[PDB]
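Notes follow once the structure below has been shown.
Residue numbers (this note's numbering): 1 to 205.
Have a look at this one:
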């Protein structure tokens, strides 16, 4: 059992890569939330926002730390009506709601600007299409195919911690030194470790 945060802050590729780089984030998936239609998709979104679901270990990272990251990834000081890209925190319980409200207040006080992030109850989150998941990794063909085989297929790969970290590495949000420590955690047979490392190193160059 893990804890869940669901945030919306624009195109979800960046947040996937950013949050996926953080210790305590166990897995990520991108999708759609905030609207009033069942089973939305990319070109049929209705009123939903591009969102990220963050499965985190509360023993390692707090909701407050995730909120801090959220408000450091974008600066939502404009009011738009563009649902697809709007800044939203979808709270799952009253603790999340109160923490979000309090931090929003502190940001507004510290920097003198109204924040337009909507803090609203999570209704339904709908998983986005496969091609959107771990976007940067998925489009790094050799690394992607190697990790996919090791993890036993697409679904297993995208649900993994290592894929979240690898996607972050490709996007430039995780150092190779930190990535190697993450690789060590998975306890790969040494051949697979060396094969993945060579791709990762050749990527860093």
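Cβ atoms here follow ideal geometry from the backbone N, Cα and C, with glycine treated the same way.
By DSSP's criteria, residue i is part of a beta bridge. Which residues make up the other side?
{"i": "residue 67", "result": "None, per the DSSP bridge assignment."}
{"i": "residue 44", "result": "41"}
{"i": "residue 89", "result": "7, 119"}
{"i": "residue 78", "result": "Partner(s): none; residue 78 has no beta bridge."}
{"i": "residue 33", "result": "49"}
Of the residues the options, which one's Cα is nearest the Cα of residue i?
{"i": "residue 167", "options": "11, 67, 144", "result": "144"}
{"i": "residue 11", "options": "91, 118, 135, 104", "result": "135"}
{"i": "residue 77", "options": "54, 193, 104", "result": "104"}
{"i": "residue 36", "options": "68, 194, 109, 124", "result": "124"}
{"i": "residue 57", "options": "79, 119, 75, 19", "result": "19"}
{"i": "residue 148", "options": "121, 196, 65, 112", "result": "196"}
{"i": "residue 49", "options": "87, 155, 163", "result": "87"}
Please return the same chain residues whose Cβ sits closer than 7 Å to the Cβ of residue i, not counting the five positions on each side in sequence.
{"i": "residue 63", "result": "5, 96, 99"}
{"i": "residue 39", "result": "126"}
Using C-beta distances below 8 Å, list every residue in its chain close to residue i, excluding the 5 sequence neighbours before and after it, in chain order.
{"i": "residue 176", "result": "169, 200, 201, 204"}
{"i": "residue 159", "result": "27, 29"}
{"i": "residue 68", "result": "103"}
In the DSSP assignment, find the unbroken alpha helix (DSSP H) run with residue i in it and report its ends.
{"i": "residue 121", "result": "Segment 118–121 is the beta strand (DSSP E) holding residue 121; no alpha helix (DSSP H) there."}
{"i": "residue 137", "result": "135–138"}
{"i": "residue 14", "result": "13–19"}
Quick one: grab the DSSP three-state call for residue i.
{"i": "residue 174", "result": "coil"}
{"i": "residue 125", "result": "coil"}
{"i": "residue 160", "result": "coil"}
{"i": "residue 112", "result": "coil"}
{"i": "residue 56", "result": "strand"}
{"i": "residue 150", "result": "helix"}
{"i": "residue 27", "result": "strand"}
{"i": "residue 49", "result": "strand"}
{"i": "residue 107", "result": "helix"}
{"i": "residue 141", "result": "helix"}
{"i": "residue 102", "result": "helix"}
Does the CB of residue i have a neighbour CB from chain C at under 8 Å?
{"i": "residue 177", "result": "Among the chains in the structure shown there is no chain C, since it carries only a single protein chain."}
From what residue to what residue does the beta strand (DSSP E) around residue i run?
{"i": "residue 8", "result": "3–9"}
{"i": "residue 198", "result": "Unbroken run through residue 198 is the alpha helix (DSSP H), 190–204; no beta strand (DSSP E)."}
Leaving out five residues on either side along the sequence, give the residues of the same chain with a beta carbon under 6 Å from the beta carbon of residue i.
{"i": "residue 131", "result": "none"}
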